[PDB]
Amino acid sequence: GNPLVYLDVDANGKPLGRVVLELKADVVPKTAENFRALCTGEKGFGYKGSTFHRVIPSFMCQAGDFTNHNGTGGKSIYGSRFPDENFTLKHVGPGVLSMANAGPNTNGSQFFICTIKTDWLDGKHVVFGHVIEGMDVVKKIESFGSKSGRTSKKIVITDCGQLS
């Protein structure tokens, strides 16, 4: 069925624990496949070692720029960017996993995990999964953000991969 993947996350070099994500390949197979492969690193690049570079309390935690390591970069397994697959899934609440972007059809590798319902992003960001386990870890990450998005600890995905 739908892939289960994980992110193991450090803050200032010490482990917070594991976030487990279900990828909704049934609804958004291309977007789910991209994220899955970036977790395993099987194409020779991916999320391992990359950061949560911008985190805003009571909103979301954003990550996945493994090319420029500053929020301007990332790439997909298909090429630098790929289209918005569909907007069928909605930003319904905490734990939603969705693609960051720079406008229409600019999905790469950057993603975010919501910590609240973010309805204004519906129709603009492709939702492609949800947290299965580890919301406690997500709340810790969230607690290290700020209004400007700047993090107060260095938040690193030390390991990631596929569970099923």
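From 1 onward, residues are counted along the sequence shown. Between two forms, the rigid core is the largest collection of C-alphas that superpose within 1.5 Å.
Core-fitted comparison in 9 other deposited structures of this protein shows that, between 65 to 73 and 125 to 133, the CA atoms farther from the shown form belong to 65 to 73.
For the segment pair 62 to 70 and 104 to 112, the entry gives 62 to 70 the higher mean B-factor, averaged over Cα atoms.
Highest CA B-factor among the listed residues (30, 43, 36, 130): 43. Residue 77: CA B factor in the middle third of modelled residues in this chain (values from the PDB entry). Among the modelled residues of its chain, residue 162 has a C-alpha B-factor that falls in the lowest third, as given in the PDB entry. When the modelled residues of the chain are ordered by C-alpha B-factor, residue 135 sits in the highest third.
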